[PDB]
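Here's a solo chain for you in structure tokens, the form deposited in one PDB entry.
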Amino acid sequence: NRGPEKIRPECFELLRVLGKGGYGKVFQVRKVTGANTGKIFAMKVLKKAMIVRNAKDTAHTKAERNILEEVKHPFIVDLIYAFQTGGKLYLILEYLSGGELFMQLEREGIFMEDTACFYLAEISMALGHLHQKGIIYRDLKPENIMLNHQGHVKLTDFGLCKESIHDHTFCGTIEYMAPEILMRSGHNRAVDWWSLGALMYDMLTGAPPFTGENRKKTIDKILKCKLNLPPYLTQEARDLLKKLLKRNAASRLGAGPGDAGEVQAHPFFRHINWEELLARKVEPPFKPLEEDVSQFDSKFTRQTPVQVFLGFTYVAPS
């Protein structure tokens, strides 16, 4: 009765702050009008004025908008609306109440192989679909991996960088960045299987494979590449990681003509029914405690909101 919806900032109620950064804020919000009223979303708010200052920032912002519209997949975060005002860009994504999956590592100290297995497979599906659509993830990290309500993986940062720091690859943690990214010898589709390697390692030992005393030193360690394999590891987890964490790109598992399927065919995934896995029919090893703000804080509080970009405006179907 009266139109379709023109989604506006005033359709949402600002409930908590989930993330602050140089380029904008992530809020937790409730839709209060029309359509799903009462449903909870995450609302990423970006500052137009500062993005258009820099072309590399304009790219990711536009790409994120693109990818989230065009690349939908069960282990990738859903975009539900997008819209803009003068001076601001808004993105309303699904609210991921499970929180970060490396916070589960804080509590588990470390992840059981069979438990890491589930998370790694789902991750791989996402990465593999991401490739089928010609997208390379660059800087995958444990922060980029989140957990929906029932506790399944969802990939997360496709736009700008959360940092407020800005010192684009050296702003936050580099421990999960392939040598080539550091040697600026490009990237490639096999850069993401490195990152999967680093994540596995962390998932089992609680640390990235090579760390140093400081940046310079870190970068070094990584390039040096000497790999330390805790004893308590089963042969196949050993097997898998050797292959993945390979100095040279060409040589990593997942690099081949068909590659995320081959990664998946590895004996470490022998128990994984991809059919039901992607149907989200396997119960996840972790099911956390809808609005529950618990796993983001305590750091974040105080809710309040501070040419190109044509077609940014968007409503998801379904």
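Take the two forms, find the largest set of C-alpha atoms that superpose within 1.5 Å, and that set is the rigid core. Residue indices: 1-based, along the sequence shown.
The records show that residue 167 is omitted from the coordinate set of at least a third of the other eligible entries of this protein. For residue 57, the record comparison shows coordinates absent in at least a third of the other entries of this protein that model its neighbours.
Per the record, residue 289 and residue 290 are separated by 1 to 3 deposited residues that are missing from the model.
In this entry, 275 to 283 shows the higher mean Cα temperature factor of the pair 275 to 283 and 66 to 74. Of the two stretches examined, 80 to 88 and 96 to 104, the record assigns the greater average C-alpha temperature factor to 96 to 104. For the set 156, 205, 150, 218, the PDB entry puts the maximum C-alpha B factor at 218. Sorting 127, 200, 240, 121 by the CA temperature factor given in the entry leaves 240 at the top. Ranked within its chain, residue 266 lands in the middle third, by CA B factor from the PDB record. Per-chain ranking of the deposited C-alpha B factor places residue 306 in the highest third.
In what follows, reference is made to the form deposited in another entry, a form of this protein that is not presented.
Core-based superposition between this form and the one not shown shows that, of 181, 219, 155, 93, only 181 has its Cα displaced by 2 Å or more. Relative to this form, the distance between the C-alpha atoms of residue 128 and residue 178 is increased by at least 3 angstroms in that other deposited form. By 3 Å or more, the C-alpha separation between residue 269 and residue 178 grows in that other deposited form relative to the form shown here.
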